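First up is the structure itself, then whatever we jot down about it.
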Amino acid sequence: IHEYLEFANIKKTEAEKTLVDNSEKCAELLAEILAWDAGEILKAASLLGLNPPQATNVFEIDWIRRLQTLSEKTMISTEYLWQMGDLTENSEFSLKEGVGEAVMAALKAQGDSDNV
Amino acid sequence: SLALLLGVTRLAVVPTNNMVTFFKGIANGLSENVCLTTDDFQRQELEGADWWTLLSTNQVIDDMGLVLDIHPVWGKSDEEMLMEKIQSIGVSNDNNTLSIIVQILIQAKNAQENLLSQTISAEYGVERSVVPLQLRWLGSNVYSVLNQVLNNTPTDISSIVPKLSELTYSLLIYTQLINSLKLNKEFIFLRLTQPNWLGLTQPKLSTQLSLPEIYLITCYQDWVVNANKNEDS
Amino acid sequence: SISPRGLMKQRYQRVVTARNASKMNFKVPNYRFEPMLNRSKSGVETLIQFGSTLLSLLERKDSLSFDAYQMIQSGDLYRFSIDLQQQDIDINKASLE
Amino acid sequence: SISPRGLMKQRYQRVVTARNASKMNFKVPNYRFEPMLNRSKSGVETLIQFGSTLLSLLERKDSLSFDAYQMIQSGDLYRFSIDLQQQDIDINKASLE
Amino acid sequence: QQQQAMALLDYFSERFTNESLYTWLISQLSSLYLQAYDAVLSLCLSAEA
Amino acid sequence: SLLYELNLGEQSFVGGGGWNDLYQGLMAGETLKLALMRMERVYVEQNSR
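Protein chains in written order, with the authors' numbering: chain A, 1049 to 1164; chain B, 816 to 1048; chain C, 2830 to 2926; chain D, 2830 to 2926; chain E, 3073 to 3121; chain F, 3122 to 3170.
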């Protein structure tokens, strides 16, 4: 955890931010310490100023704890959990009509059996 | 795990400056009173090295001739091969002046090996009897690692040679090859000595590994336990 | 009867940093060499005696602190044992009814 | 009820090669015999002290590593104990039905 | 019982004189013995001479 | 005193910094025995009329 956080903090303005921190391998170790998916964690690039983002040294890990447990309550993606936020504010209707159907299909994929 | 061990879709790692603290630790351990004879160690005409200048009343010829280094072989390696190699290279003075400079050299060879076998055992969790065999079977040499001190590896720039930075990465995968299954050094010693004699094909003198070995060495590692008599028969 | 459970995969190692650092010396003498060899020994070997005294006492300290903490492990088990078993008096009364 | 089974016939010995090898000496002296008997002793007996220190510490090392590995032997047994016994709640519910 | 057996393994593995201290002593002392052994033998050899 | 009384060039046996602050000075005395052994052997050789 220390070697990961020390690497995340290296020289954002003078070097690493415009080089995307080498996102393809720095964001990999954040998945590896969790034994988790190095893929969908890259959705974090939807916030924090075009950084990876990773140098916010706790809150992203603290949230990913809850994303990992939610990802074991249900087989839904973090990509769809973002839409469940976007729909809050009297938002566009076709996204709600689609998200309801997508969650229904994600339940059929488990059914009265167990499956995945 | 098997795909990683077979080298398909390989791992990623960060060159943290802690690695320099480790290699500077090796350089420090080499420098603090070990006083090692590694000063241009192998290559022919070994001239200008301190140790035999002091002992010159007993023997002068510090330059010797051909090289002072060893490759392992089964049944019996040891200082008898190091003696026979230096005895073969045209010394006509077969008296005690030749044998005394072998018993002066044995502890000086130990002082090159004992550094790695005692230190890296505390980094990676392997017994000191496995370390030099693991190092060669990975595709390395004890002096080639120690020469990286002379290549300025102890300098705390955030860059080091691939010969260390990818070797260190490769050591972890070969550590899982000796912990996801456990086996004894005599197997490694045979495998490293004589691949075709063990039963492999000539290309497997290289560092590369594939499933036709992994089946046979695993089914051997079962059969050596399953057999009705102890280890050595 | 539908599910297994995970385990304590408690296999992980820990690392000891086997390396050193050190510094140089100077000074000028005031009397002979062998008279100092006849004084330096006993002060050094007394430090080996003090260091092995400290080490061997610290094993005696940290051994007995384990023997202490191992006793209190029974305290919850007595509570759970009584508060499970006491119901067999109430069952033996319910059987009489 | 038709068959027995084999056993661990774990009787086999192991062999220790009790033999040696050794080499000759030369050199020429620079000062007297008894002054060297008055120096050679303490360096040798310090090596007996270092060797017995190494040996007695290595017993303390390899003893405590056994006490460690002996604890994790409980981890599977708790898993199997819970995943066998938990069914008696489901049987006590099936008996109420 | 399972969780306090895990807490005993934690309390044991967080003991001061755990496996690391004997390992650290021996892995240094192994050098002190060899640095003495390669040096002492000239005293008894010069006693013969 | 050795290097003055024999009038000799540098050999630096007594290196400073042998204390330890993870392990509170353990083994910081046994090194002094080996320093005296490395030192004594200069006197075993380098004395003559």
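The C-beta atom is built at its ideal place from N, Cα and C for all residues, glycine as well.
Along chain B, which residues have their Cβ under 9 Å away from the Cβ of residue i?
| i | result |
| --- | --- |
| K1073(A) | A827, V828 and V829 |
| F1055(A) | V829 and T831 |
| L1077(A) | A827, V828 and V829 |
| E1051(A) | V829, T831 and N833 |
Could you work out which residues of chain E lie near residue i, taking near to mean beta carbons separated by less than 9 Å?
| i | result |
| --- | --- |
| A818(B) | The contacting residues do not exist; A818(B) stays about 33 Å from chain E at best. |
| residue 770(B) | This structure does not reach residue 770(B), given that chain B is present from 816 up to 1048, and the question cannot be answered. |
| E2888(C) | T3089 |
Applying a beta-carbon distance threshold of less than 8 Å, which residues of chain C neighbour residue i?
| i | result |
| --- | --- |
| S3092(E) | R2843 and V2845 |
| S3099(E) | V2845 and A2847 |
Can you have a look at residue i and say buried or exposed, based on whether 16 or more other CB atoms are within 10 angstroms of its CB?
| i | result |
| --- | --- |
| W3140(F) | exposed |
| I935(B) | buried |
| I916(B) | buried |
| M2865(C) | exposed |
| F838(B) | buried |
| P1018(B) | exposed |
| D2912(D) | exposed |
| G822(B) | exposed |
| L1031(B) | exposed |
Could you work out which residues of chain D lie near residue i, taking near to mean beta carbons separated by less than 7 Å?
| i | result |
| --- | --- |
| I915(B) | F2855 |
| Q2878(C) | Going along chain D, no residue has its Cβ under 7 Å from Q2878(C), so there is no contact; the nearest lies around 12 Å. |
| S2830(C) | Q2916 and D2919 |
Go ahead and pull the three-state DSSP assignment for residue i.
| i | result |
| --- | --- |
| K900(B) | helix |
| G840(B) | helix |
| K2852(C) | strand |
| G863(B) | coil |
| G3137(F) | strand |
| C850(B) | coil |
| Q927(B) | helix |
| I2918(C) | helix |
| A2847(C) | coil |
| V917(B) | helix |
| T1117(A) | helix |
| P1027(B) | helix |
| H1050(A) | helix |
| residue 1069(B) | A question about residue 1069(B) goes unanswered here, because the residues of chain B that appear run from 816 up to 1048. |
Using a cut-off of 9 Å between C-beta atoms, extract the partners of residue i located in chain D.
| i | result |
| --- | --- |
| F3084(E) | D2896, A2897 and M2900 |
Going by beta carbon distance, what residues of the same chain come within less than 7 Å of residue i, once the five residues before and after it are set aside?
| i | result |
| --- | --- |
| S985(B) | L953 |
| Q3107(E) | none |
| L1005(B) | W889 and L1013 |
| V3135(F) | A3156 |
| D854(B) | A864 |
Leaving out five residues on either side along the sequence, give the residues of the same chain with a beta carbon under 6 Å from the beta carbon of residue i.
| i | result |
| --- | --- |
| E1076(A) | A1086 |
| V828(B) | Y984 |
| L913(B) | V906 |
For a contact defined as C-beta to C-beta under 9 Å, what are the partners of residue i on chain C?
| i | result |
| --- | --- |
| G3138(F) | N2849, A2850, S2851 and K2852 |
| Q3075(E) | By Cβ distance, chain C contributes nothing, its closest Cβ being about 10 Å from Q3075(E), past 9 Å. |
Taking residue i as the query, report the chain C residues whose CB atoms sit under 7 Å from its CB, ordered along the chain.
| i | result |
| --- | --- |
| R2908(D) | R2834 and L2836 |
| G940(B) | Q2842 |
| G2872(D) | Within chain C, no residue comes near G2872(D); the closest Cβ sits about 12 Å away, beyond 7 Å. |
| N843(B) | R2848, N2849 and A2850 |
For residue i and residue j, I'd like the C-alpha separation in whole angstroms.
| i | j | result |
| --- | --- | --- |
| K1073(A) | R951(B) | 29 Å |
| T872(B) | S2871(D) | 28 Å |
| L2893(C) | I2901(C) | 14 Å |
| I988(B) | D2891(D) | 27 Å |
| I1058(A) | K1065(A) | 10 Å |
| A937(B) | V1068(A) | 36 Å |
| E862(B) | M898(B) | 19 Å |
| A1150(A) | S1125(A) | 11 Å |
| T990(B) | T1022(B) | 14 Å |
| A2847(C) | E2874(C) | 25 Å |
| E2926(D) | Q2915(D) | 18 Å |
| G1159(A) | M1152(A) | 10 Å |
| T2882(C) | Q3145(F) | 13 Å |
| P2858(C) | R2868(C) | 15 Å |
Can you list the residues of chain F that residue i reaches, using a CB-CB cut of under 9 Å?
| i | result |
| --- | --- |
| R2861(C) | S3122 and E3126 |
Which residues in the same chain have their Cβ closer than 8 Å to the Cβ of residue i, if we skip the five residues on either side of it in sequence?
| i | result |
| --- | --- |
| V1147(A) | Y1128, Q1131, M1132 and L1135 |
| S3133(F) | none |
Would you mind telling me which residues of chain D sit closer than 8 Å to residue i, beta carbon to beta carbon, in chain order?
| i | result |
| --- | --- |
| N3168(F) | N2859 and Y2860 |
Closer than 8 Å by beta-carbon distance: list the chain F residues that pair up with residue i, in chain order.
| i | result |
| --- | --- |
| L2884(C) | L3147 |
Using a cut-off of 7 Å between C-beta atoms, extract the partners of residue i located in chain B.
| i | result |
| --- | --- |
| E1149(A) | Near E1149(A) there are no residues of chain B at all, since even the closest Cβ is about 35 Å away, more than 7 Å. |
For a contact meaning CB atoms closer than 8 Å, what does residue i contact in chain E?
| i | result |
| --- | --- |
| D2891(C) | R3087, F3088 and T3089 |
| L2913(D) | None at all; the shortest Cβ gap to chain E is about 14 Å. |
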